[PDB]
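Single chain ahead, written as structure tokens, the form deposited without the ligand.
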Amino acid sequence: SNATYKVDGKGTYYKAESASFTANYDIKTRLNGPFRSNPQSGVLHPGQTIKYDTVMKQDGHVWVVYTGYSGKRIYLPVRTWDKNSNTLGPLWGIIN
């Protein structure tokens, strides 16, 4: 629920959460922060799994955050999120 998140200076809600996410779709990943207008890091293809450490809610989505090989932080949207209602869309993959 929202009660477990903190909020940063851009209004992004965030918390620590460690799990694995396997994509069921091609999902574009971002650099710099959880905004689709940010530079594109690349994509998860269906069946690819990443291990994340932080969850955020910003720019209409729930995102998870992980570190790439070079140490770049990569922001992956995993479902839609409506800020005013906290309503979540279906997950774009599997969490385990």
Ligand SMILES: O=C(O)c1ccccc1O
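Heads up: residue numbers just count along the shown sequence, starting at 1.
This next part talks about the form solved in complex with the ligand, which is not shown.
Please run the contact check for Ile94 against the ligand in the deposited complex: heavy atoms, 4.5 angstroms, yes or no? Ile94: no, not in contact with the ligand in the deposited complex.
Indicate whether the ligand has at least one heavy atom within 4.5 Å of a heavy atom of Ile74 in the deposited complex. Because no heavy atom of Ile74 falls inside 4.5 Å of the ligand in the deposited complex, the answer is no.
Would you check, heavy atoms only and a 4.5 Å threshold, whether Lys83 touches the ligand in the deposited complex? Answer no; every heavy atom of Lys83 is more than 4.5 Å from the ligand in the deposited complex.
Do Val62 and the ligand share at least one heavy atom pair within 4.5 Å in the deposited complex? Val62: yes, in contact with the ligand in the deposited complex.
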